[PDB]
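Note: the block below is my_file.cif and it holds mmCIF, C-alpha atoms and all ligand atoms.
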```
data_structure
#
loop_
_atom_site.group_PDB
_atom_site.id
_atom_site.type_symbol
_atom_site.label_atom_id
_atom_site.label_comp_id
_atom_site.auth_asym_id
_atom_site.auth_seq_id
_atom_site.Cartn_x
_atom_site.Cartn_y
_atom_site.Cartn_z
ATOM 1 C CA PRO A 1 45.722 -25.009 -27.712
ATOM 2 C CA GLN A 2 43.330 -26.525 -30.213
ATOM 3 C CA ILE A 3 40.656 -28.681 -28.616
ATOM 4 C CA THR A 4 38.569 -31.180 -30.637
ATOM 5 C CA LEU A 5 35.032 -32.154 -29.668
ATOM 6 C CA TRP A 6 35.126 -35.957 -29.607
ATOM 7 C CA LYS A 7 34.898 -35.620 -25.815
ATOM 8 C CA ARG A 8 33.654 -32.866 -23.536
ATOM 9 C CA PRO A 9 35.993 -29.833 -23.627
ATOM 10 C CA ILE A 10 36.819 -29.730 -19.925
ATOM 11 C CA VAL A 11 39.579 -27.538 -18.489
ATOM 12 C CA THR A 12 41.091 -26.870 -15.074
ATOM 13 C CA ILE A 13 40.301 -23.585 -13.367
ATOM 14 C CA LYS A 14 41.384 -21.793 -10.226
ATOM 15 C CA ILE A 15 38.860 -19.509 -8.589
ATOM 16 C CA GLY A 16 38.695 -18.125 -5.063
ATOM 17 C CA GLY A 17 41.810 -20.102 -4.164
ATOM 18 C CA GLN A 18 40.120 -23.394 -5.126
ATOM 19 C CA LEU A 19 40.721 -25.755 -8.049
ATOM 20 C CA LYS A 20 37.818 -26.983 -10.178
ATOM 21 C CA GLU A 21 37.112 -28.432 -13.609
ATOM 22 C CA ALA A 22 34.688 -26.721 -15.977
ATOM 23 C CA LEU A 23 33.212 -27.187 -19.446
ATOM 24 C CA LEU A 24 33.987 -24.743 -22.274
ATOM 25 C CA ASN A 25 30.510 -23.938 -23.495
ATOM 26 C CA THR A 26 30.005 -21.794 -26.596
ATOM 27 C CA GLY A 27 26.219 -22.091 -26.104
ATOM 28 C CA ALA A 28 26.303 -20.383 -22.712
ATOM 29 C CA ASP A 29 26.161 -16.596 -22.514
ATOM 30 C CA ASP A 30 27.302 -16.757 -18.878
ATOM 31 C CA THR A 31 29.619 -18.775 -16.577
ATOM 32 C CA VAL A 32 27.872 -20.962 -14.014
ATOM 33 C CA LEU A 33 29.675 -22.793 -11.230
ATOM 34 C CA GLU A 34 28.760 -24.672 -8.078
ATOM 35 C CA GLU A 35 30.541 -25.242 -4.738
ATOM 36 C CA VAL A 36 32.790 -22.271 -5.104
ATOM 37 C CA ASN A 37 33.154 -19.920 -2.185
ATOM 38 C CA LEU A 38 33.307 -16.392 -3.487
ATOM 39 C CA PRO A 39 33.816 -13.439 -1.102
ATOM 40 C CA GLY A 40 31.590 -10.391 -0.713
ATOM 41 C CA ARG A 41 28.315 -9.054 -2.050
ATOM 42 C CA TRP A 42 26.279 -10.668 -4.807
ATOM 43 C CA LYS A 43 22.866 -10.221 -6.337
ATOM 44 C CA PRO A 44 20.205 -12.757 -7.260
ATOM 45 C CA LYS A 45 19.824 -13.693 -10.920
ATOM 46 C CA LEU A 46 17.599 -16.052 -12.802
ATOM 47 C CA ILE A 47 18.918 -17.797 -15.881
ATOM 48 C CA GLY A 48 17.217 -20.016 -18.423
ATOM 49 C CA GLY A 49 18.583 -23.301 -19.730
ATOM 50 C CA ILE A 50 17.474 -26.666 -21.008
ATOM 51 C CA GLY A 51 15.082 -28.012 -18.444
ATOM 52 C CA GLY A 52 13.915 -24.654 -17.064
ATOM 53 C CA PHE A 53 15.200 -21.681 -15.099
ATOM 54 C CA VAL A 54 17.782 -21.631 -12.258
ATOM 55 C CA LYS A 55 18.209 -19.188 -9.343
ATOM 56 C CA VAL A 56 21.877 -18.218 -8.983
ATOM 57 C CA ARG A 57 24.056 -15.711 -7.132
ATOM 58 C CA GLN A 58 25.683 -13.180 -9.464
ATOM 59 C CA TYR A 59 29.217 -12.193 -8.443
ATOM 60 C CA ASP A 60 30.919 -9.407 -10.424
ATOM 61 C CA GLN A 61 34.587 -8.841 -11.180
ATOM 62 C CA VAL A 62 35.728 -12.252 -10.045
ATOM 63 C CA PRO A 63 39.311 -13.334 -10.850
ATOM 64 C CA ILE A 64 39.444 -16.761 -12.469
ATOM 65 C CA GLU A 65 42.341 -18.522 -14.119
ATOM 66 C CA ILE A 66 41.164 -20.756 -16.975
ATOM 67 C CA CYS A 67 43.655 -23.196 -18.381
ATOM 68 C CA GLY A 68 46.473 -21.000 -17.114
ATOM 69 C CA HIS A 69 45.064 -17.686 -18.426
ATOM 70 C CA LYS A 70 44.061 -15.061 -15.838
ATOM 71 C CA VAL A 71 40.811 -13.248 -16.548
ATOM 72 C CA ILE A 72 38.171 -11.350 -14.591
ATOM 73 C CA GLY A 73 34.438 -11.239 -14.990
ATOM 74 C CA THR A 74 30.989 -12.189 -13.804
ATOM 75 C CA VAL A 75 30.532 -15.618 -12.282
ATOM 76 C CA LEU A 76 27.143 -17.123 -11.450
ATOM 77 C CA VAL A 77 26.915 -19.597 -8.590
ATOM 78 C CA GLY A 78 24.083 -22.082 -8.323
ATOM 79 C CA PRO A 79 22.805 -25.579 -8.652
ATOM 80 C CA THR A 80 24.046 -26.561 -12.105
ATOM 81 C CA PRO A 81 24.964 -30.157 -12.984
ATOM 82 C CA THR A 82 28.331 -29.351 -14.504
ATOM 83 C CA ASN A 83 30.524 -26.230 -14.086
ATOM 84 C CA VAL A 84 30.238 -24.162 -17.278
ATOM 85 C CA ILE A 85 32.574 -21.483 -18.705
ATOM 86 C CA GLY A 86 30.490 -19.295 -21.004
ATOM 87 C CA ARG A 87 31.188 -16.763 -23.713
ATOM 88 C CA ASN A 88 31.633 -13.929 -21.194
ATOM 89 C CA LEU A 89 34.945 -15.526 -20.192
ATOM 90 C CA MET A 90 35.829 -17.364 -23.411
ATOM 91 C CA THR A 91 36.121 -14.034 -25.255
ATOM 92 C CA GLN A 92 38.691 -12.937 -22.656
ATOM 93 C CA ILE A 93 40.986 -15.873 -23.409
ATOM 94 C CA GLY A 94 40.579 -15.374 -27.170
ATOM 95 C CA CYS A 95 38.747 -18.588 -27.842
ATOM 96 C CA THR A 96 37.174 -19.137 -31.278
ATOM 97 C CA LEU A 97 35.315 -21.916 -33.122
ATOM 98 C CA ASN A 98 36.851 -23.129 -36.371
ATOM 99 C CA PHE A 99 35.625 -25.465 -39.126
ATOM 100 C CA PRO B 1 35.218 -20.287 -41.156
ATOM 101 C CA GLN B 2 36.496 -18.949 -37.852
ATOM 102 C CA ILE B 3 33.735 -17.760 -35.512
ATOM 103 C CA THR B 4 34.438 -15.514 -32.508
ATOM 104 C CA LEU B 5 32.331 -15.541 -29.360
ATOM 105 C CA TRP B 6 31.422 -11.867 -28.849
ATOM 106 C CA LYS B 7 27.926 -12.845 -30.035
ATOM 107 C CA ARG B 8 26.057 -16.173 -29.985
ATOM 108 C CA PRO B 9 27.483 -18.561 -32.646
ATOM 109 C CA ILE B 10 24.281 -18.994 -34.659
ATOM 110 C CA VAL B 11 24.264 -20.777 -38.021
ATOM 111 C CA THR B 12 21.650 -21.616 -40.648
ATOM 112 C CA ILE B 13 20.621 -25.256 -41.044
ATOM 113 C CA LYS B 14 18.433 -27.238 -43.384
ATOM 114 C CA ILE B 15 16.683 -30.247 -41.944
ATOM 115 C CA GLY B 16 13.668 -32.213 -43.169
ATOM 116 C CA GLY B 17 13.281 -29.761 -46.039
ATOM 117 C CA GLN B 18 12.941 -26.819 -43.630
ATOM 118 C CA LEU B 19 15.310 -23.938 -42.801
ATOM 119 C CA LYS B 20 16.145 -23.073 -39.200
ATOM 120 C CA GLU B 21 18.809 -21.252 -37.178
ATOM 121 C CA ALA B 22 20.700 -23.077 -34.447
ATOM 122 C CA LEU B 23 23.409 -22.393 -31.864
ATOM 123 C CA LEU B 24 26.814 -24.087 -32.057
ATOM 124 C CA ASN B 25 27.134 -25.456 -28.544
ATOM 125 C CA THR B 26 30.343 -27.151 -27.418
ATOM 126 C CA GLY B 27 28.751 -27.778 -24.010
ATOM 127 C CA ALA B 28 26.007 -29.961 -25.482
ATOM 128 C CA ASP B 29 26.631 -33.665 -26.028
ATOM 129 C CA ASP B 30 23.562 -33.879 -28.283
ATOM 130 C CA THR B 31 21.623 -31.788 -30.838
ATOM 131 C CA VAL B 32 18.224 -30.500 -29.709
ATOM 132 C CA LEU B 33 15.746 -28.747 -32.009
ATOM 133 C CA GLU B 34 12.132 -27.711 -31.858
ATOM 134 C CA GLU B 35 9.470 -27.304 -34.554
ATOM 135 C CA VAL B 36 11.137 -29.712 -37.014
ATOM 136 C CA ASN B 37 8.681 -32.333 -38.437
ATOM 137 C CA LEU B 38 10.993 -35.317 -38.940
ATOM 138 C CA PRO B 39 9.668 -38.466 -40.680
ATOM 139 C CA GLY B 40 9.333 -41.973 -39.277
ATOM 140 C CA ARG B 41 10.015 -43.773 -36.021
ATOM 141 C CA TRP B 42 11.556 -42.245 -32.918
ATOM 142 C CA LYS B 43 12.275 -43.235 -29.330
ATOM 143 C CA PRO B 44 11.620 -41.293 -26.133
ATOM 144 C CA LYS B 45 14.691 -39.817 -24.428
ATOM 145 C CA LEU B 46 15.209 -37.709 -21.315
ATOM 146 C CA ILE B 47 18.089 -35.231 -21.277
ATOM 147 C CA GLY B 48 19.505 -33.107 -18.488
ATOM 148 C CA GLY B 49 20.126 -29.362 -18.822
ATOM 149 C CA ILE B 50 21.181 -26.614 -16.403
ATOM 150 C CA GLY B 51 17.585 -26.079 -15.234
ATOM 151 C CA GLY B 52 16.220 -29.632 -15.146
ATOM 152 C CA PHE B 53 15.380 -32.535 -17.458
ATOM 153 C CA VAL B 54 13.562 -32.438 -20.803
ATOM 154 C CA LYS B 55 11.536 -35.213 -22.567
ATOM 155 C CA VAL B 56 12.443 -35.302 -26.234
ATOM 156 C CA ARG B 57 11.914 -37.530 -29.282
ATOM 157 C CA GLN B 58 15.128 -39.214 -30.455
ATOM 158 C CA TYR B 59 15.448 -39.527 -34.251
ATOM 159 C CA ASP B 60 18.415 -41.469 -35.621
ATOM 160 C CA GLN B 61 20.310 -41.058 -38.887
ATOM 161 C CA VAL B 62 18.789 -37.699 -39.737
ATOM 162 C CA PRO B 63 20.311 -35.711 -42.622
ATOM 163 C CA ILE B 64 21.091 -32.145 -41.659
ATOM 164 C CA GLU B 65 23.074 -29.524 -43.514
ATOM 165 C CA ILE B 66 24.848 -27.157 -41.104
ATOM 166 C CA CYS B 67 26.313 -24.039 -42.625
ATOM 167 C CA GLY B 68 26.453 -25.741 -46.024
ATOM 168 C CA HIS B 69 28.061 -28.993 -44.734
ATOM 169 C CA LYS B 70 25.946 -32.152 -45.147
ATOM 170 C CA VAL B 71 26.070 -34.534 -42.212
ATOM 171 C CA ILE B 72 23.900 -37.241 -40.667
ATOM 172 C CA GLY B 73 23.270 -38.113 -37.059
ATOM 173 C CA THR B 74 20.945 -38.236 -34.124
ATOM 174 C CA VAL B 75 18.607 -35.280 -33.603
ATOM 175 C CA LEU B 76 16.515 -34.764 -30.491
ATOM 176 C CA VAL B 77 13.240 -32.878 -30.805
ATOM 177 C CA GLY B 78 11.670 -31.103 -27.795
ATOM 178 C CA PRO B 79 11.738 -27.829 -25.777
ATOM 179 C CA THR B 80 14.943 -25.757 -25.565
ATOM 180 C CA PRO B 81 15.749 -22.046 -25.060
ATOM 181 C CA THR B 82 17.016 -22.174 -28.627
ATOM 182 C CA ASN B 83 17.852 -24.790 -31.265
ATOM 183 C CA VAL B 84 21.234 -26.323 -30.314
ATOM 184 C CA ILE B 85 23.835 -28.118 -32.456
ATOM 185 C CA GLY B 86 25.869 -30.344 -30.118
ATOM 186 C CA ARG B 87 29.182 -32.162 -30.276
ATOM 187 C CA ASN B 88 27.612 -35.198 -32.007
ATOM 188 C CA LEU B 89 27.251 -33.087 -35.167
ATOM 189 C CA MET B 90 30.064 -30.593 -34.598
ATOM 190 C CA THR B 91 32.656 -33.397 -34.833
ATOM 191 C CA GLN B 92 31.227 -34.290 -38.243
ATOM 192 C CA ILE B 93 31.906 -30.828 -39.655
ATOM 193 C CA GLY B 94 35.393 -30.781 -38.126
ATOM 194 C CA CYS B 95 34.762 -28.024 -35.617
ATOM 195 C CA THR B 96 37.385 -27.266 -32.965
ATOM 196 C CA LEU B 97 37.949 -24.725 -30.179
ATOM 197 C CA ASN B 98 41.125 -22.671 -30.347
ATOM 198 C CA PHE B 99 42.818 -20.291 -27.906
HETATM 199 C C1 LIG A 101 21.828 -29.747 -24.861
HETATM 200 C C2 LIG A 101 22.694 -28.753 -24.113
HETATM 201 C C3 LIG A 101 22.310 -28.808 -22.644
HETATM 202 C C4 LIG A 101 23.324 -28.240 -21.651
HETATM 203 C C5 LIG A 101 24.117 -29.371 -21.005
HETATM 204 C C6 LIG A 101 24.638 -28.989 -19.619
HETATM 205 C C7 LIG A 101 25.321 -30.200 -19.016
HETATM 206 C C8 LIG A 101 26.528 -30.641 -19.554
HETATM 207 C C9 LIG A 101 27.176 -31.744 -19.008
HETATM 208 C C10 LIG A 101 26.593 -32.436 -17.949
HETATM 209 C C11 LIG A 101 25.355 -32.035 -17.452
HETATM 210 C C12 LIG A 101 24.736 -30.892 -17.958
HETATM 211 C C13 LIG A 101 24.318 -27.233 -22.227
HETATM 212 C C14 LIG A 101 23.830 -25.801 -22.290
HETATM 213 O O1 LIG A 101 24.544 -24.999 -23.049
HETATM 214 C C15 LIG A 101 22.726 -25.366 -21.652
HETATM 215 C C16 LIG A 101 22.202 -23.952 -21.704
HETATM 216 C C17 LIG A 101 22.137 -23.362 -23.112
HETATM 217 C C18 LIG A 101 21.469 -24.293 -24.097
HETATM 218 C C19 LIG A 101 22.828 -23.008 -20.734
HETATM 219 C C20 LIG A 101 24.074 -23.267 -20.159
HETATM 220 C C21 LIG A 101 24.622 -22.357 -19.255
HETATM 221 C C22 LIG A 101 23.923 -21.225 -18.885
HETATM 222 C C23 LIG A 101 22.705 -20.909 -19.509
HETATM 223 N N1 LIG A 101 22.016 -19.775 -19.163
HETATM 224 S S1 LIG A 101 22.310 -18.396 -19.934
HETATM 225 O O2 LIG A 101 21.591 -17.367 -19.230
HETATM 226 O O3 LIG A 101 23.738 -18.144 -19.903
HETATM 227 C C24 LIG A 101 21.805 -18.614 -21.456
HETATM 228 C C25 LIG A 101 20.449 -18.666 -21.770
HETATM 229 C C26 LIG A 101 20.046 -18.997 -23.060
HETATM 230 C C27 LIG A 101 21.003 -19.300 -24.032
HETATM 231 C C28 LIG A 101 20.628 -19.761 -25.431
HETATM 232 F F1 LIG A 101 21.484 -19.311 -26.332
HETATM 233 F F2 LIG A 101 20.646 -21.073 -25.501
HETATM 234 F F3 LIG A 101 19.401 -19.375 -25.737
HETATM 235 C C29 LIG A 101 22.341 -19.245 -23.658
HETATM 236 N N2 LIG A 101 22.721 -18.820 -22.437
HETATM 237 C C30 LIG A 101 22.160 -21.827 -20.411
HETATM 238 C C31 LIG A 101 21.948 -26.314 -20.877
HETATM 239 O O4 LIG A 101 20.850 -26.020 -20.407
HETATM 240 O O5 LIG A 101 22.516 -27.628 -20.662
#
```

Just give me the structure as structure tokens.
Ligand SMILES: CCC[C@@]1(CCc2ccccc2)CC(O)=C([C@H](CC)c2cccc(NS(=O)(=O)c3ccc(C(F)(F)F)cn3)c2)C(=O)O1
Amino acid sequence: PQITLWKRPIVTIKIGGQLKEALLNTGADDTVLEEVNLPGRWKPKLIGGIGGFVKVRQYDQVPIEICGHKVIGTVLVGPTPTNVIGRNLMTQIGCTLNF
Amino acid sequence: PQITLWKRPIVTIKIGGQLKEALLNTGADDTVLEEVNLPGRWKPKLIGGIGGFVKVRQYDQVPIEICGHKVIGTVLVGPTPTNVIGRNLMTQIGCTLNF
């Protein structure tokens, strides 16, 4: 689809058997979620944002279906305000900016 | 143009007679810059980010030319991991997401 930017570009995702909403964020290198329950090993990561730095769990090779498109990649889990889909996943669904 | 997301979507801007680079950020409601020297009155604002909250100066009706497109809108000035162009300005240049 084409999505305009008069409102937040929020989409429905399925991850780890759970349904969430998340923001398509071209400013984010990475994908950051909260309150998801991912299986298996992870490693600590620190990421920077507006407001400071955040400690997250880094989970690799995680299946996630984003607006009906199945992809796999790294998902960070930690205490973000809104769920964010970053460029690491947006490239996998073929998303571009256009003006 | 069309811009893919394999790298950060960075564009050149002119604001207040100075040249900067900034990140096209569909996750950001607002536009946040640093090191800009804007004229005249401003109001304090607090904004939330993934890592906490930031105190910024809010300047209204600021001319800014973003990749050669002249627009006007609110610009927030304060700390950020990088200069960010948010949806408030991206709608004015007719930017959309497409997948
Ligand atoms: C003004 C934008 C503020 C924003 C708003 C988040 C939000 C939205 C709705 C409701 C509440 C909160 C959006 C955003 O992209 C980030 C930053 C980048 C500016 C962000 C988002 C996601 C992850 C990261 N960390 S990172 O390691 O992937 C990373 C670090 C730095 C940058 C850089 F390009 F900005 F430098 C991009 N990515 C940062 C942020 O900190 O919060």

Go through chain A and flag each residue having an atom no more than 12 Å from ligand LIG 101 (chain A); for those, report the closest pair of atoms plus their distance in Å to one decimal, using only C-alpha atoms and all ligand atoms, ordered by chain and rising number, as a Markdown table.
```
| residue | atom | partner | partner_atom | distance |
| --- | --- | --- | --- | --- |
| A:7 | CA | A:LIG101 | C9 | 11.0 |
| A:8 | CA | A:LIG101 | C9 | 8.0 |
| A:9 | CA | A:LIG101 | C9 | 10.1 |
| A:10 | CA | A:LIG101 | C9 | 9.9 |
| A:21 | CA | A:LIG101 | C9 | 11.8 |
| A:22 | CA | A:LIG101 | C9 | 9.5 |
| A:23 | CA | A:LIG101 | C8 | 7.5 |
| A:24 | CA | A:LIG101 | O1 | 9.5 |
| A:25 | CA | A:LIG101 | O1 | 6.1 |
| A:26 | CA | A:LIG101 | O1 | 7.3 |
| A:27 | CA | A:LIG101 | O1 | 4.5 |
| A:28 | CA | A:LIG101 | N2 | 3.9 |
| A:29 | CA | A:LIG101 | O3 | 3.9 |
| A:30 | CA | A:LIG101 | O3 | 4.0 |
| A:31 | CA | A:LIG101 | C22 | 6.6 |
| A:32 | CA | A:LIG101 | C22 | 6.3 |
| A:33 | CA | A:LIG101 | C21 | 9.5 |
| A:45 | CA | A:LIG101 | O2 | 9.3 |
| A:46 | CA | A:LIG101 | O2 | 7.7 |
| A:47 | CA | A:LIG101 | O2 | 4.3 |
| A:48 | CA | A:LIG101 | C25 | 4.8 |
| A:49 | CA | A:LIG101 | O4 | 3.6 |
| A:50 | CA | A:LIG101 | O4 | 3.5 |
| A:51 | CA | A:LIG101 | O4 | 6.4 |
| A:52 | CA | A:LIG101 | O4 | 7.8 |
| A:53 | CA | A:LIG101 | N1 | 8.2 |
| A:54 | CA | A:LIG101 | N1 | 8.3 |
| A:55 | CA | A:LIG101 | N1 | 10.5 |
| A:56 | CA | A:LIG101 | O2 | 10.3 |
| A:58 | CA | A:LIG101 | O2 | 11.4 |
| A:74 | CA | A:LIG101 | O3 | 11.2 |
| A:75 | CA | A:LIG101 | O3 | 10.5 |
| A:76 | CA | A:LIG101 | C22 | 9.1 |
| A:77 | CA | A:LIG101 | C22 | 10.8 |
| A:78 | CA | A:LIG101 | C22 | 10.6 |
| A:79 | CA | A:LIG101 | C12 | 10.9 |
| A:80 | CA | A:LIG101 | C12 | 7.3 |
| A:81 | CA | A:LIG101 | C11 | 4.9 |
| A:82 | CA | A:LIG101 | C10 | 4.9 |
| A:83 | CA | A:LIG101 | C8 | 8.1 |
| A:84 | CA | A:LIG101 | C21 | 6.2 |
| A:85 | CA | A:LIG101 | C21 | 8.0 |
| A:86 | CA | A:LIG101 | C21 | 6.8 |
| A:87 | CA | A:LIG101 | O3 | 8.5 |
| A:88 | CA | A:LIG101 | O3 | 9.0 |
| A:89 | CA | A:LIG101 | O3 | 11.5 |
```

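Interatomic distance, CA of residue 37 (chain B) against CA of residue 92 (chain B): 22.6 Å.
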
Where does chain A end up after superposition onto chain B over all in-order Cα pairs? Give it as a short mmCIF file (atom, residue, chain, number, x, y, z; two decimals) with C-alpha atoms, in the frame of the given file.
```cif
data_model
loop_
_atom_site.label_atom_id
_atom_site.label_comp_id
_atom_site.auth_asym_id
_atom_site.auth_seq_id
_atom_site.Cartn_x
_atom_site.Cartn_y
_atom_site.Cartn_z
CA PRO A 1 35.22 -20.29 -41.17
CA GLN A 2 36.53 -18.98 -37.88
CA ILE A 3 33.80 -17.78 -35.55
CA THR A 4 34.53 -15.53 -32.53
CA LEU A 5 32.40 -15.56 -29.39
CA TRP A 6 31.52 -11.90 -28.86
CA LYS A 7 27.99 -12.89 -29.93
CA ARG A 8 26.14 -16.19 -29.97
CA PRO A 9 27.57 -18.55 -32.63
CA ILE A 10 24.37 -19.05 -34.61
CA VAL A 11 24.31 -20.76 -38.02
CA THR A 12 21.71 -21.61 -40.64
CA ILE A 13 20.63 -25.22 -41.01
CA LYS A 14 18.41 -27.20 -43.34
CA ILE A 15 16.68 -30.23 -41.90
CA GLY A 16 13.66 -32.17 -43.12
CA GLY A 17 13.26 -29.70 -45.98
CA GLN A 18 12.94 -26.77 -43.54
CA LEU A 19 15.30 -23.90 -42.76
CA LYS A 20 16.19 -23.04 -39.16
CA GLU A 21 18.86 -21.25 -37.15
CA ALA A 22 20.76 -23.07 -34.41
CA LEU A 23 23.47 -22.40 -31.84
CA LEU A 24 26.88 -24.11 -32.05
CA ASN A 25 27.21 -25.48 -28.55
CA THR A 26 30.44 -27.16 -27.44
CA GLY A 27 28.84 -27.82 -24.02
CA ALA A 28 26.09 -29.99 -25.49
CA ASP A 29 26.71 -33.69 -26.05
CA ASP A 30 23.61 -33.86 -28.27
CA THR A 31 21.67 -31.76 -30.83
CA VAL A 32 18.30 -30.48 -29.67
CA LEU A 33 15.80 -28.76 -31.94
CA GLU A 34 12.18 -27.67 -31.79
CA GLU A 35 9.44 -27.26 -34.44
CA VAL A 36 11.09 -29.53 -36.91
CA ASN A 37 9.00 -32.18 -38.59
CA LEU A 38 11.05 -35.32 -38.90
CA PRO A 39 9.64 -38.42 -40.65
CA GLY A 40 9.33 -41.92 -39.21
CA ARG A 41 9.94 -43.74 -35.95
CA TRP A 42 11.57 -42.21 -32.89
CA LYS A 43 12.13 -43.18 -29.29
CA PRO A 44 11.67 -41.20 -26.09
CA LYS A 45 14.76 -39.80 -24.40
CA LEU A 46 15.35 -37.74 -21.32
CA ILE A 47 18.21 -35.27 -21.26
CA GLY A 48 19.60 -33.11 -18.48
CA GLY A 49 20.46 -29.44 -18.77
CA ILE A 50 20.58 -26.25 -16.76
CA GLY A 51 17.21 -25.93 -15.14
CA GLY A 52 16.35 -29.64 -15.06
CA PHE A 53 15.55 -32.52 -17.40
CA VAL A 54 13.65 -32.43 -20.73
CA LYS A 55 11.60 -35.15 -22.48
CA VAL A 56 12.52 -35.30 -26.17
CA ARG A 57 11.98 -37.51 -29.22
CA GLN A 58 15.18 -39.18 -30.41
CA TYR A 59 15.45 -39.49 -34.20
CA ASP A 60 18.41 -41.45 -35.61
CA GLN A 61 20.28 -41.03 -38.87
CA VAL A 62 18.78 -37.68 -39.73
CA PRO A 63 20.31 -35.69 -42.62
CA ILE A 64 21.08 -32.11 -41.65
CA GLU A 65 23.05 -29.49 -43.52
CA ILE A 66 24.87 -27.15 -41.12
CA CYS A 67 26.34 -24.01 -42.57
CA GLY A 68 26.45 -25.68 -45.98
CA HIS A 69 28.02 -28.97 -44.80
CA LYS A 70 25.91 -32.14 -45.14
CA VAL A 71 26.06 -34.51 -42.19
CA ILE A 72 23.92 -37.25 -40.68
CA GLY A 73 23.25 -38.15 -37.10
CA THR A 74 20.96 -38.22 -34.11
CA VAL A 75 18.64 -35.28 -33.60
CA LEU A 76 16.56 -34.74 -30.46
CA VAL A 77 13.27 -32.88 -30.76
CA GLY A 78 11.66 -31.19 -27.79
CA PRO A 79 10.82 -28.07 -25.91
CA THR A 80 14.17 -26.29 -25.78
CA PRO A 81 14.44 -22.48 -25.75
CA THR A 82 17.00 -22.24 -28.53
CA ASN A 83 17.93 -24.80 -31.23
CA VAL A 84 21.29 -26.34 -30.28
CA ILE A 85 23.88 -28.14 -32.44
CA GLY A 86 25.93 -30.35 -30.12
CA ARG A 87 29.22 -32.18 -30.32
CA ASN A 88 27.64 -35.20 -32.02
CA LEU A 89 27.28 -33.08 -35.16
CA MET A 90 30.12 -30.59 -34.64
CA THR A 91 32.67 -33.42 -34.87
CA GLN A 92 31.22 -34.30 -38.29
CA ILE A 93 31.92 -30.84 -39.69
CA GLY A 94 35.42 -30.80 -38.18
CA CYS A 95 34.80 -28.03 -35.71
CA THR A 96 37.44 -27.31 -33.04
CA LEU A 97 38.00 -24.77 -30.25
CA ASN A 98 41.20 -22.72 -30.42
CA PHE A 99 42.89 -20.32 -28.00
#
```

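Of the listed residues B:61, B:18, B:4, B:12, the one whose atoms come nearest to chain A is B:4, with distances taken using only C-alpha atoms.
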
Here is a test: counting only C-alpha atoms, which residue of A:3, A:19, A:38, A:13 is nearest to residue 62 (chain A)? A:38

Kindly compute an axis-aligned box around the listed atoms of region 78-83 of chain A, allowing 4 Å on each side, and express its centre and edge lengths in Å to one decimal as lines of an AutoDock Vina configuration file.
```
center_x = 26.7
center_y = -26.1
center_z = -11.4
size_x = 15.7
size_y = 16.1
size_z = 14.2
```

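Proximity of A:69, A:57, A:41, A:20 to chain B, computed with all atoms listed in the file, is greatest for A:69.
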
Of A:73, A:94, A:39, A:44, the one nearest to chain B when counting only C-alpha atoms is A:94

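Separating CA of residue 64 (chain A) from CA of residue 17 (chain A) is a distance of 9.3 Å.
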
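Taking CA of residue 97 (chain A) as the reference point, CA of residue 16 (chain A) is found at 28.5 Å.
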
Across B:5, B:15, B:71, B:63, the smallest distance to residue 35 (chain B), with all atoms listed in the file counted, is shown by B:15
